[PDB]
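Novice: fold the following.
(chains A and B, ligands or ions: 9)
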Amino acid sequence: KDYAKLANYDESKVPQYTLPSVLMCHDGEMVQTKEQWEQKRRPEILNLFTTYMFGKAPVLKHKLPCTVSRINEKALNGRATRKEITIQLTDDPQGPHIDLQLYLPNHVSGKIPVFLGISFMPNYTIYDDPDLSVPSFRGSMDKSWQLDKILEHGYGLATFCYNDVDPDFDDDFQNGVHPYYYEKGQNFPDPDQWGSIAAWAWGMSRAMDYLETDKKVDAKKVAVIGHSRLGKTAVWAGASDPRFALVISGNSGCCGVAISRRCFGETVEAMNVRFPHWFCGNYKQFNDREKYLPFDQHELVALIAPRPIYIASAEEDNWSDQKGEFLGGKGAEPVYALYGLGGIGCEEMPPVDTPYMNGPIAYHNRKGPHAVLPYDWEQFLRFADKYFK
Amino acid sequence: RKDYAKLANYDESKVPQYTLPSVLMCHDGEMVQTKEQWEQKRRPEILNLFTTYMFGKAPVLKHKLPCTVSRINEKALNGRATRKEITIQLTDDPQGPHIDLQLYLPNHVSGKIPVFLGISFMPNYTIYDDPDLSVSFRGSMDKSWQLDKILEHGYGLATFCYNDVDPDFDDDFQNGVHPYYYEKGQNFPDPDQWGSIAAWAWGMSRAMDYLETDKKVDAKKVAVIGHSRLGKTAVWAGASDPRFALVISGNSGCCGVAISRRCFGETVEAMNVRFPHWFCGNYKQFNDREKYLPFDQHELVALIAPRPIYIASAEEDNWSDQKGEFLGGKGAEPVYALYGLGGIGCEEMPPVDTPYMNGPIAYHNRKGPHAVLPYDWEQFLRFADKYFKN
Ligand SMILES: O=C(O)[C@H]1O[C@H](O)[C@H](O)[C@@H](O)[C@@H]1O
Ligand SMILES: O=C(O)[C@H]1O[C@H](O)[C@H](O)[C@@H](O)[C@@H]1O
Ligand SMILES: [Cl-]
Ligand SMILES: [Cl-]
Ligand SMILES: [Cl-]
Ligand SMILES: [Cl-]
Ligand SMILES: [Cl-]
Ligand SMILES: [Cl-]
Ligand SMILES: [Cl-]
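Specialist: Residues are numbered from 1 along each chain as shown, chains lettered A, B, ... in the order given. Ligands and ions are numbered 1, 2, ... in the order given. Take a look:
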């Protein structure tokens, strides 16, 4: 079945919908204080997303082993320190691990704020760093990481390849991390248990377990960032792991920050049928049934509150539903207001190349294609400066 | 809306290879060898799976609902029967939905009386051509209920129309009992809460709550029976309410007793797309994903063990998957064995008009159309006699 021919790109044809009320508890009590949000409502909304969309991840009692496998304090011609960190994902030392690559700027005062990116490609793609070689070449993804801009801001960048945690293909979860956490008599995750995206976002929490033990890293200023499917991951990492200080959604779109009820471009059915491994088994009940979601994506952004989040759209990325991305941001504003924080700063989706970033929810829709571009990183750094300086 | 009946496989050679989820294997890998392990560990796991992922949780009451005996005719059918109408209030609202239960008990019978509790497609007047009732038309469904045959066996019949509990149409659960059991911040069942079949089945449990207070009824000898969507319902009533002594599945088929993984005739997707109100939210995840079901329908029959179940198929009803219905029964035999009970008594699906009812699981596949006919009732009463008499 082709989902591209079924996509609506006509704003006039978007159906009627009502967002589920972010401030009304299941039992009817209206949240009017941050105390009511923190102690009652937020727990209900986290449980819905964990059970019905992303799936439960293993809850570890103790950290998994990490070893620093190589440091170069003089990387990039002395400008940076590069560390390679191996992060076990199981209590078997021959089981899957993350190869974490961390760049810290040399000669800045104070602990270093770090962007924890998750990447489509191996760590050697992040920068033409001559101390690395490639057995899809060295520095190939420089453009979507902008290491030089990050260093110039006094910030670090830690990345790993998501294929370390779970290969991005539908194999009935017999590769990657999943089979290590099955019970005896279990060949498959329960309907409420992690798919690929929850595994990747859990990966980012194992990366954070390392980063908070790093002397030069400010563990209170670790941002999470990803593009597209790794944008959906970064928002879930941010929502599920409140240690992260700032969330960057790069074109996260459908089942990221975009309102599902709009059914614009990609839909829940297009997503779950083309990528059956991404979300938990339970999520497949919402195929063609966005009406019956017990949440929408504005409540996922609400889980970030009061921490900042940057929503980035691309003007050509109609599949992502740029307007629905903005509206996922807008729908979270009532929760930020509990903390006496303002909103995006406008009522209508703003024009192209016009960032709003003076509130705790930042948004821009930029010219050109589905990507992370230098222009995006310009805006993310400017936003991050407001919190990290 | 795709015409699924056009697209369905009814060719036995094209049934996919599949493995049935093991009924005896607990989630943690422990195998059941004893009835004690079944009752204490495994049965509860399976019941929770079906309640969470297929039918949905129903309200649990702290007290029996209000009811009144509205009418009593101790001289019904020219003195052959006592007829009572019992109005059962399903909610806190007395202007809300009620079960209007009709109970026929044979006169001239001494003991407490065994009772078939049926759920019907149509109102009480359709059950029998009873001359003291008024308007399809009076006794239009007589052939599906055979009250004369039930009374002849010294058994009684209790029925109510399923529309009484929840209307059978997709109105987003804003009518029937559903909206009365919403929290103040809720406009729709949670994904793990009852759809229509679980409400209908809960309706039968409220009927049983009245029946057990009626001094003429033998509360230990109440059979549940339904046909097609009400067969699905009767099997769930029997699995979820252990008070029922005997379960009759009339052509219950897909998401009834038939094996889902055969993907033969009706499929999970055809079911949930055409009848989105029937099963809970969660069950929609299994649309075209039968291999990912954490169970199959042999485990639902297993929830009746050790109590008897009659599985009835029709020769023309290929939509229901008659061999799948046979194999659901076959698949539960390992659980009945823990109780030292036989199986159906044949290994492969028997030919038409060939009943097997010497085990705790009975089966026939009768000639003719999707229905309940006098033939079926003849077999059902012969089976009931084995348990309700000596
Ligand atoms: O990860 C990506 O690049 C994108 O892949 C597909 O286009 C998918 O439908 C999108 O949801 C996703 O954002
Ligand atoms: O209730 C009935 O008569 C039947 O109606 C339809 O055929 C439905 O698809 C069947 O599953 C059901 O058993
Ligand atoms: Cl809606
Ligand atoms: Cl888990
Ligand atoms: Cl490991
Ligand atoms: Cl799944
Ligand atoms: Cl009927
Ligand atoms: Cl009648
Ligand atoms: Cl026996």
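Novice: give me the secondary structure label for residue A:15.
Specialist: Secondary structure of residue A:15, reduced to three states by DSSP: H, G, I helix; E, B strand; the rest coil: coil.
Novice: quick one: residues contacting it.
Specialist: A:261, A:262, A:263 (C-beta atoms under 8 Å, 6 or more residues apart in numbering or on different chains). For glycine as for every other residue, the C-beta is placed from the backbone atoms N, C-alpha and C.
Novice: can you put those residues in TSV and add neighbour count and secondary structure?
Specialist: Output for the contacts of residue A:15, formatted as TSV (neighbours: other C-beta atoms under 10 Å in any protein chain shown; DSSP: H, G, I helix; E, B strand; the rest coil):
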residue	neighbour count	secondary structure
A:261	22	helix
A:262	23	helix
A:263	24	coil
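Novice: from those, list the ones also adjacent to ligand 8.
Specialist: Filtering these for neighbours of ligand 8 using C-beta under 5 Å from the ion leaves an empty set.
Novice: between those, which is nearest residue A:314?
Specialist: Comparing the contacts of residue A:15 against residue A:314 with C-beta to C-beta places residue A:262 closest, at 17.1 Å.
Novice: my read: that closest one touches residue A:324, true?
Specialist: Yes. When contacts are counted by C-beta atoms under 8 Å, residue A:262 is listed as touching residue A:324 (4.4 Å).
Novice: report whether the longest helix belonging to chain A contacts ligand 5.
Specialist: Longest helix of chain A, by residue count under DSSP state H: helix A:196-212. No. On the criterion C-beta under 5 Å from the ion, helix A:196-212 is out of touch with ligand 5, staying 9.6 Å away.
Novice: if you count contacts, what does that helix end up packed against?
Specialist: strand A:80-88, strand A:97-105, strand A:112-119, strand A:156-161, strand A:217-227, helix A:229-240 (3 or more C-beta pairs under 8 Å, 6 or more residues apart in numbering or on different chains; DSSP states H and E).
Novice: name the residues of that helix that come out as buried.
Specialist: A:196-211 (16 or more other C-beta atoms under 10 Å in any protein chain shown).
Novice: just how off-centre is stretch A:64-71 within its chain?
Specialist: Centroid separation between stretch A:64-71 and its chain, computed with C-alpha atoms, centre = their mean, to the nearest Å, is 24 Å.
Novice: ok, residues contacting it?
Specialist: Under C-beta under 8 Å, 6+ apart, the answer for stretch A:64-71 is A:81-91, A:93, A:206, A:209-210, A:213.
Novice: which of the residues you listed are buried? Put it as a ChimeraX command.
Specialist: Selecting only the buried entries of those in ChimeraX, with 16+ other C-beta under 10 Å as the criterion:
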select /A:81,82,83,84,85,86,87,88,89,90,206,209,210
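Novice: among the contacts of stretch A:64-71, find me the one that's closest to residue A:243.
Specialist: Distances from residue A:243 to those, taken by C-beta to C-beta, are shortest for residue A:209, at 9.3 Å.
Novice: distance check, the residue nearest to that closest one when sequence neighbours are not counted against residue B:304.
Specialist: Distances taken as C-beta to C-beta, 6 or more residues apart in numbering or on different chains put residue A:63 closest to residue A:209, at 4.8 Å, once the chain neighbours are dropped. For residue A:63, the distance to residue B:304 equals 49 Å [C-beta to C-beta, to the nearest Å].
Novice: same question for residue A:181.
Specialist: 35 Å.
Novice: which residues touch the residue of the stretch 251-389 of chain A found nearest ligand 2?
Specialist: Among all residues of the stretch 251-389 of chain A, residue A:288 sits closest to ligand 2, at 18.7 Å; criterion: C-beta to the nearest ligand atom. Counting by C-beta under 8 Å, 6+ apart, residue A:288 touches A:267, A:268, A:269.
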